[PDB]
Amino acid sequence: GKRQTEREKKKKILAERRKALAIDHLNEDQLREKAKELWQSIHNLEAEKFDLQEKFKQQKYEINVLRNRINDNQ
Amino acid sequence: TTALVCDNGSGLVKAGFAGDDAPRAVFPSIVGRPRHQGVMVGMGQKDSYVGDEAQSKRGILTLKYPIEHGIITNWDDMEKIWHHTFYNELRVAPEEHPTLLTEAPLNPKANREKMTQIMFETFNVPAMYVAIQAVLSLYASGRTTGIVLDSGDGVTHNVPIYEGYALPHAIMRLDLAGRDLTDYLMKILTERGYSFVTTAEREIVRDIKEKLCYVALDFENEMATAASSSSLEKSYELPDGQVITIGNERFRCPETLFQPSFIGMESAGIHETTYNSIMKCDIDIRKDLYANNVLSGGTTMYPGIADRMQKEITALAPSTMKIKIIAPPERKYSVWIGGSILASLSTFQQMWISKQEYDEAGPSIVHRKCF
Amino acid sequence: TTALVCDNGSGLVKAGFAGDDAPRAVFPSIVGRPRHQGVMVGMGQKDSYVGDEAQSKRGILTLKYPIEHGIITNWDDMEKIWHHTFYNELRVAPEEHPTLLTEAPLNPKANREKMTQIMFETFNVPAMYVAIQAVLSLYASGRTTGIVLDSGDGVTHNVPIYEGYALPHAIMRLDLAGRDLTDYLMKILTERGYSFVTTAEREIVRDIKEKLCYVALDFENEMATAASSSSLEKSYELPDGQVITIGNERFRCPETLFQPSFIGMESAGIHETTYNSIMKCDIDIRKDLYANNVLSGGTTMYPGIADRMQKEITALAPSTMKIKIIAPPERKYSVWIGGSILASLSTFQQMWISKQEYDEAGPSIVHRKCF
Amino acid sequence: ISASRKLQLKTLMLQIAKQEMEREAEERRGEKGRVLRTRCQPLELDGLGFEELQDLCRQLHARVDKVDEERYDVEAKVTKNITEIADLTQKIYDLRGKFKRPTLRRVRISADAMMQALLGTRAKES
Amino acid sequence: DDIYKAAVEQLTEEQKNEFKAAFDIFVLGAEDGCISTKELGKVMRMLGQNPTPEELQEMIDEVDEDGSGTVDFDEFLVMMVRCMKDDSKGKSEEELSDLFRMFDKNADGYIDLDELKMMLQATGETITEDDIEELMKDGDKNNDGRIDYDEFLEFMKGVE
Ligand SMILES: Nc1ncnc2c1ncn2[C@@H]1O[C@H](COP(=O)(O)OP(=O)(O)O)[C@@H](O)[C@H]1O
Ligand SMILES: Nc1ncnc2c1ncn2[C@@H]1O[C@H](COP(=O)(O)OP(=O)(O)O)[C@@H](O)[C@H]1O
Ligand SMILES: [Ca+2]
Ligand SMILES: [Ca+2]
Ligand SMILES: [Mg+2]
Ligand SMILES: [Mg+2]
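Next comes the structure, spelled out in C-alpha cells:
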C-alpha cells in the first residue's frame with residue numbers, strides 16, 4: 202500500500218529519531234552533555250521549522266501568482 | 005461550511021458543492037501515461053495526464069479507466085483522480101469540507117473500506133459518508149417510493165424502495181452497462197470495414213454511440229426496414245475526415261440491453277430484471293412500484309428507450325395495472341442532484357462519519373450504524 | 005564557455021558558435037588531391053585541398069565527397085574536413101568547446117560510434133552530443149508538433165513529431181536527394197549536346213541546377229507548353245563562354261522528387277511518402293500533422309515546390325482537413341539554427357556526453373541514455 | 042521621458058529593491074534567532090541527583106520527539122507544496138511557453154573589428 | 002530599444018562630432034546624406050560582415066520611426082553605438098523576481114503604485130509624476146494599474 206508505505210516510512214523515521222535515552226548510568230557531566238545535545242537538537246529543529254514556515258509563505262504567494270497568471274490566460 | 009458531493013461513477017466523475025442544481029466539474033475518469041519516447045527537451049511533459057486533459061492528448065497516450073465495474077481495480081490511479089478533482093477542478097482543500105461519496109449496491113466491502121481509509125488518511129477530510137447510488141436518484145425525482153433502474157456506465161442495478169423502506173432482498177445487480185455497449189458497437193462496426201483497436205479509438209466509438217445510436221421500438225420490424233430501404237443510414241465524420249455510414253448498427257448496439265445474449269451474457273434484459281425485481285417484493289406494494297418506475301443513469305438516455313421499456317413491461321405485467329416510466333430530462337446528473345439534496349438536509353447532518361469515530365473503530369466503521 | 009554547433013551534412017558543412025542566427029563558415033565538403041604531375045618547383049603545392057579552397061583549384065583536382073548518403077565512407081577524409089573546420093574556418097581549438105554534431109535518422113550504428121570516438125580521441129573535445137537532423141529543423145520553426153521533410157543533399161527523411169513525442173515507427177527515410185538530381189540533370193543535358201563527365205564539371209552542373217531549375221505546378225501542361233512555345237528557354241554562361249540554353253530540362257530535373265521512377269528508383273515521391281508517414285500515425289493527431297507540415301533542407305529551395313507539394317497532398321488527403329506547408333525563407337540553415345537554439349538551452353546543459361562517461365563505457369555510450 | 046533618466050531610474054529601483062530585500066531578510070533572520078531562542082529554554086541543573094537528571098533526560102527526549110514529529114510533518118507538507126508549485130510552473134509554461142526561445146548574436150563582432158574591416162589602410166584612428 | 006539613446010545621452014557632444022566626421026570621411030561621395038538600411042548592409046558586406054536584407058529592414062524599422070529608412074542625428078548616433086552590444090545579460094532573473102515578489106508587500110500578487118512611489122522616493126532622481134506615469138505605461142502593458150509579474154519580467158527584460 203502506497204499510503205501504507207508512506208505511513209510506515211514516516212513511523213520508521215519517527216522511530217529512528219528516537220535515540221537511546223538510556224543514560225542514568227552516566228555521571229553528572231555526561232548527562233549534562235546529553236541534555237545539551239537534546240537542547241541543541243530542539244533549537245535546530247526550531248530553525249528548520251522557521252525555514253519551513255517562511256518557505257510555505259513564499260510557496261503560497263507563488264501559488265497566488267500562478268493562479269493569477271492562469272486567470273490571465275483565459 | 006458546505007459539503008462536497010463527489011460521485012466517483014465509472015466513466016464520468018461528477019462533483020460540486022452541496023445545494024446547487026448541477027455538478028460544477030464533469031470530466032472523464034481516465035489516467036493515461038504517454039507511450040512513445042519523446043524527443044523535444046524542456047517541453048514540460050508530465051508523466052500522467054488525468055481527467056479532461058487526457059481527452060485532448062489522447063493521440064499519444066494509453067488511457068486506462070481506474071474503475072472497472074463499480075469496484076476500483078487500481079487504487080493509485082483512483083487516488084490521483086481524487087486529488088485532481090479536489091485541487092484543480094474545484095480548488096478547495098479537503099481539510100475543510102465534508103464529502104459524500106457514492107457506491108453501487110452489492111459491491112465488495114474492501115473497496116468501501118479502502119475508500120474511507122484513503123479519504124481519512126491521505127486527503128484528511130473532516131467527515132465522509134457513503135451512499136447507495138439508487139437512493140439518491142430516488143431523492144432527485146422528489147418521490148418516496150418507486151423502483152429505480154440506474155443503468156450507469158459500469159454496472160446496472162435495480163433497487164426497489166417503498167415508503168422509504170428499502171427492500172434488501174430484491175436488489176438485482178447486472179454488470180451490463182455502457183462500456184459493454186461500447187465494446188459491442190466497436191465489434192459490430194467491423195462488419196462494414198471500420199476497425200477501431202487502440203484504447204484511444206474506444207473514445208471515438210463512444211462518441212459514435214452517443215450521437216447516433218437509438219433504441220428501436222420493435223426490433224424485428226426495424227431489422228426488416230433497415231435491410232430494404234436506406235432511410236436509416238446516418239453518416240458521421242471521424243476526427244480526421246473519411247466519413248463513415250452506420251446502417252442497422254444504429255439500433256443493434258443498444259438492443260444488447262434487452263437481449264444480453266448478444267454479448268454472450270446469460271441473464272435477461274433490463275426489461276425483465278425489473279419485472280423480476282418487482283415480483284420479489286410483497287404482494288401489496290406491487291401496484292405502487294408498477295406506477296412509479298424510475299429511470300436514471302447515463303445509459304438510459306438513448307432516444308426511444310422510455311417507450312420500449314414501457315411496452316415490454318406492459319407485455320409482462322398483468323393487464324390491469326398501470327405502467328408508468330419516469331424519465332426526467334436531467335437523467336444523467338440525477339444521482340448527483342439527489343446527492344446534493346441529501347447533503348443539504350438538516351436531519352442528515354448528524355449521520356456523517358466523524359473523524360474521531362474513525363480513529364476509535366478503524367475503517368470498519370462504515371459497515372456499522374453509520375452506514 | 006560557448007558550444008560549437010557543427011553540422012556535417014553532405015555537400016555543405018555548416019558550423020558556428022551556439023547562440024547566433026547564421027553559421028559562421030559554410031563551405032563545400034570536398035577533398036581533392038591533385039591529379040597531374042606538376043613541374044614548377046617550390047610553388048608550395050599541397051597534397052590535398054579541402055573545403056572552399058578546392059572549389060577554386062578544381063580545374064586540376066579530383067574532388068571526392070567523403071559522405072555518400074548520410075553515412076561516412078572515407079574516415080580519413082572526414083577527419084581532415086573536421087580538422088580544417090575547427091582550426092582554419094573557426095580558429096578555435098576543440099580542447100575548450102563542446103560540440104553538437106547532427107546525424108540522419110536510421111543510419112548505421114558504426115558511423116555514429118566512430119564519429120564519437122574520433123571527436124573524443126583525436127580532437128579531444130570536452131563533451132559532444134549527436135542529434136537527429138529533423139528535430140532541430142522543428143526547433144527552428146518554433147513549433148512543437150508537425151511532420152518535417154528534411155530533403156538534404158544526401159538523403160531525404162521525414163520525421164513526424166507530436167507534442168514533443170517523436171513517433172519512431174513512422175520515420176520514412178528515402179535516399180533520393182540533391183546529388184541524384186545533379187546526376188540526373190547531368191544525364192539529361194546530353195540530349196542537347198552538352199557533355200559533362202569530369203568530377204569537376206559536376207560542380208558546374210550543380211550550379212546550373214541551383215540557378216535555373218524550378219518545380220512545375222503541373223507537369224503535363226508544362227511539358228506541352230515547353231514543346232510548342234519558347235518562353236522557357238533560359239541561357240547560362242559556362243565558366244569559359246559558350247552559353248548554353250536549357251529548354252524543358254528546367255522542370256524535368258527536380259520533377260524526379262515527385263516521380264522517382266525517372267532515375268529508376270521504385271519508391272514513391274516526396275509527395276506520397278509524407279502522406280504515408282502521416283497515415284502510420286495515430287488517428288487523433290493526423291489533423292495537427294496535416295496543418296503543420298514543415299519543409300527544410302537545401303533541396304526544398306526550388307522555386308514553386310511549396311505549391312506543388314500542397315496541391316499533391318490536398319489531392320491525397322481527405323477533403324475536410326486543412327493542408328498547410330511551412331516554408332520559411334531561411335530553409336537552408338534551418339537545421340543549424342535549430343541546433344544553435346538547442347545548444348543554447350539551460351535544460352539541455354546536462355545531456356552532453358561528458359568525457360569521463362565515455363572513458364567508463366567506451367564509444368557505445370552514444371546508444372545509451374545519453375542518446 | 043529621456044531614456045537616460047529612464048535607465049537611471051531602472052537601476053536605482055534595482056538597487057533600492059535589492060537593499061530593501063537584503064535588509065528585510067537580515068531582519069527576518071534576527072527575529073528568527075530571537076524567537077527561537079525564546080522558544081527553547083536553557084536549563085541549569087548540574088550537580089543534582091541523577092533521578093532528576095534522568096527526569097529531564099526523558100522530558101527532553103519526549104520534547105525532541107514532539108518537535109521532530111511537527112517539523113518533519115511540516116517539511117513533508119512544504120516539499121509537497123513545492124512539488125505542486127513546480128507542477129503549476131510547468132503547466133503555465135506548456136500553456137504559454139514555446140516562443141520563449143532566446144537568441145544570441147555573434148556576427149555583430151566587436152565594433153573595432155568592423156571598423157577595421159571597413160577602413161583597412163585608413164584604419165588609423167577608427 | 003531606447004537603450005542606445007540612454008547610452009549616448011550619457012555620452013556628450015564629443016561622440017556627436019566624432020560620428021559626424023566619421024560620416025563625412027567614410028560616407029564621402031554619397032548622394033543621400035544619411036545612412037540607409039541597404040547602405041549599411043552593403044557597407045557590412047564590403048567590410049566582410051554578412052547581414053541579411055530582412056535583418057536590414059528589421060534594424061532600420063527599429064532605428065527609424067518616421068519611416069524614412071535613414072538616420073536622424075540622434076538616430077544616427079544611436080545606430081552607430083548600436084552595432085556593438087557591450088552590455089548584456091541584463092541583471093539576474095531570479096534575484097529580481099525575488100525583489101519584485103517582496104515589492105508586493107501586501108503579497109496579494111499585485112503591486113500598489115504607492116509602493117512604487119516610495120521606492121522612487123528612495124531613488125530620488127529628478128523626475129516628475131508624469132515620468133513615472135510614462136514608465137508604468139511602458140510597464141503596465143495590460144493597463145491594470147499595477148505591475149503584473151509577467152509584465153514585470155517584460156519591462157525589466159534584459160535590464161542591467
Ligand atoms: N446522450 C447519451 N446518449 C447515449 N449514451 C450516453 C449519453 N450520455 C452518456 N451515455 C453513456 O453513458 C455513460 C456515462 O454514464 P454515467 O451516468 O456518467 O456513468 P456513472 O454512473 O459512472 O456516472 C457514457 O459512457 C456513455 O456511454
Ligand atoms: N538555391 C537552391 N536551389 C536549388 N537547390 C539548391 C539550392 N541551394 C542548395 N541546393 C541543393 O541543396 C544541396 C545543399 O543541401 P544542404 O541542405 O546543404 O545539405 P546538407 O543537409 O548536407 O547540409 C546542394 O547540393 C544543392 O544541390
Ligand atoms: Ca528614421
Ligand atoms: Ca503590492
Ligand atoms: Mg451512476
Ligand atoms: Mg541537412
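Protein chains in written order, with the deposited numbering: chain J, 202 to 275; chain D, 5 to 375; chain E, 5 to 375; chain I, 42 to 167; chain H, 2 to 161. Backbone N, C-alpha and C fix where the C-beta goes; we use that ideal spot for every residue, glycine too.
- For J/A216, the closest Cβ of chain I is not nearer than 8 Å.
- Remark: the C-beta of D/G302 is in contact range of ligand 1, defined as less than 7 Å to any heavy atom.
- Taking a 10 Å sphere around the C-beta of D/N296, we find 16 or more other C-beta atoms and assign the residue as buried.
- For H/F27 and H/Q58, the gap between their C-alpha atoms comes out near 22 Å.
- Considering only beta carbons, the part of the segment 283 to 296 of chain E lying closer than 7 Å to chain D consists of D286, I287, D288, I289, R290 and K291, in chain order.
- Look at D/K191: its beta carbon is at least 7 Å from all of the heavy atoms in ligand 1.
- Using a CB distance cut-off of 8 Å, I/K132 does not count as an interface residue toward chain E.
- The bridge partners DSSP lists for E/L67 are E/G36.
- The residues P38 and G42, in chain order, have a CB closer than 8 Å to that of D/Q49 in the same chain once the five nearest residues on each side in sequence are set aside.
- By the 16-neighbour rule on beta-carbons within 10 angstroms, D/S60 is exposed.
- Where H/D131 is concerned, the enclosing alpha helix (DSSP H) starts and stops at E130 to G140.
- Measuring C-alpha to C-alpha distances from D/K284 to each of D/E237, D/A174 and D/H73 identifies D/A174 as the nearest.
- Contact annotation for H/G110 against chain J: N265, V266 and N269 [CB-CB distance below 7 Å, chain order].
- With the criterion set as a beta carbon lying under 8 Å from some beta carbon of chain I, the members of the segment 28 to 57 of chain H are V44, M45, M47, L48, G49, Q50, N51 and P52, in sequence order.
- Among the residues of chain E, none has a CB under 9 Å from the CB of D/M190; the nearest is roughly 13 Å distant.
- The beta carbon of D/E237 sits closer than 6 Å to those of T249 and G251, all from its chain and outside the five residues before and after it, given in chain order.
- The secondary-structure analysis by DSSP pairs D/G150 across a beta bridge with D/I165.
- Spatial neighbours of E/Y306 in its own chain (CB-CB distance under 7 Å, excluding positions within 5 residues in sequence) are listed in chain order as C217, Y218, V219 and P258.
- Sequence-distant Cβ neighbours of D/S14 in its own chain, meaning closer than 6 Å and more than five residues away, are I71, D157 and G158.
- Chain J has a Cβ within less than 8 Å of the Cβ of D/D80.
- With the criterion set as a beta carbon lying under 7 Å from some beta carbon of chain I, the members of the segment 212 to 241 of chain J are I214, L215, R218, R219, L222, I224, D225, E229, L232, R233, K235, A236, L239 and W240, in sequence order.
- When D/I192, D/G343 and D/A272 are compared, the shortest CA-CA separation from D/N12 is found for D/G343.
- For E/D157, the CB falls within less than 7 Å of some heavy atom of ligand 2.
- For the pair D/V17 and E/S271, the Cα-to-Cα distance works out to about 50 Å.
- Among the residues facing chain J, I/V148 is not included, as its CB has no counterpart in that chain under 8 Å away.
- Between the alpha carbons of D/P322 and D/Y240 lies a gap of roughly 43 Å.
- In the DSSP assignment, E/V139 falls within the alpha helix (DSSP H) that extends over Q137 to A144.
- Taking CB atoms only, I/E67 has no neighbour in chain J less than 8 Å away.
- At a cut-off of 7 Å, the beta-carbon of D/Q137 counts as near ligand 5: some heavy atom of the ligand is closer than that.
- Chain order gives the chain J residues near H/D151 as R270, where near means a beta carbon separation below 7 Å.
- For D/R256, the shortest C-beta to heavy atom distance toward ligand 1 is 7 Å or greater.
- The beta carbon of E/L189 lies closer than 8 Å to those of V209, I212, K213, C217, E253 and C257 in the same chain, with the five residues before and after it left out.
- When secondary structure is reduced to three states using DSSP, E/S52 falls in the coil class, being assigned neither helix nor strand.
- Ligand 4 has a heavy atom closer than 7 Å to the beta-carbon of H/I112.
- Within the DSSP secondary-structure output, E/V17 pairs in a beta bridge with E/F31.
- Sixteen is the threshold: when 16 or more other Cβ atoms of the shown chains lie within 10 Å of the Cβ of H/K6, as they do, the residue is buried.
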